[PDB]
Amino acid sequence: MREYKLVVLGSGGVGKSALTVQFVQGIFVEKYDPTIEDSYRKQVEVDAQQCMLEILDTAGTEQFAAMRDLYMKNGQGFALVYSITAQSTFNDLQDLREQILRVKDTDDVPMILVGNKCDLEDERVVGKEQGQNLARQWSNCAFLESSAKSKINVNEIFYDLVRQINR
């Protein structure tokens, strides 16, 4: 069983914790309690192998960007999450992507772009094609739309990072 160091990051309120807790506990967290930093270890199976996932659930609201440097250096795969209902959270993604690539000093890092809250179609402001096209611009990055609430594409976020790391 191999270890995989995964990092969930993105701006405040996008559902990083809701996705992570849905994945780990199978429960949807309705409260919005801002994260400082939480970590989970979970044994899962991907492609018929036991995998030990270390999942870092990070703060969306940081005092300064350099707070993220260490977990970027240590992380092997990154789920960059925005909310399809929150324009600013999509806008914020480029800084985060660039910071990962700078800190890890490389062009190619396992990553998936996640448009969360896809159950809130009435409130959608980020189009699906918009998200797909950003992922494409990011050197054909993986992309999905998820819902922690409706349990859509939650496991797939983490499984896809494992598969990327295995390449």
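The first residue of the shown sequence is 1; numbering continues from there.
**Q** Report the stretch with the higher mean CA temperature factor, choosing between 23-31 and 103-111 on the basis of the entry.
**A** Result: 103-111.
**Q** Should the higher mean CA B-factor in the entry be assigned to 40-48 or to 116-124?
**A** Between 116-124 and 40-48, it is 40-48 that shows the higher mean C-alpha B-factor.
**Q** Among the modelled residues of this chain, does the Cα B factor of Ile165 put it in the lowest, middle or highest third?
**A** Answer is middle: the recorded C-alpha B-factor places it there.
**Q** For the chain shown, is the CA B-factor of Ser83 in the lowest, middle or highest third of its modelled residues?
**A** As the PDB entry reports it, the C-alpha B-factor of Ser83 lands in the lowest third of its chain.
**Q** Hey, what third does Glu54 fall into on Cα B-factor, ranked over its chain?
**A** Its C-alpha B-factor, which the entry lists for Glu54, ranks in the middle third among residues of this chain.
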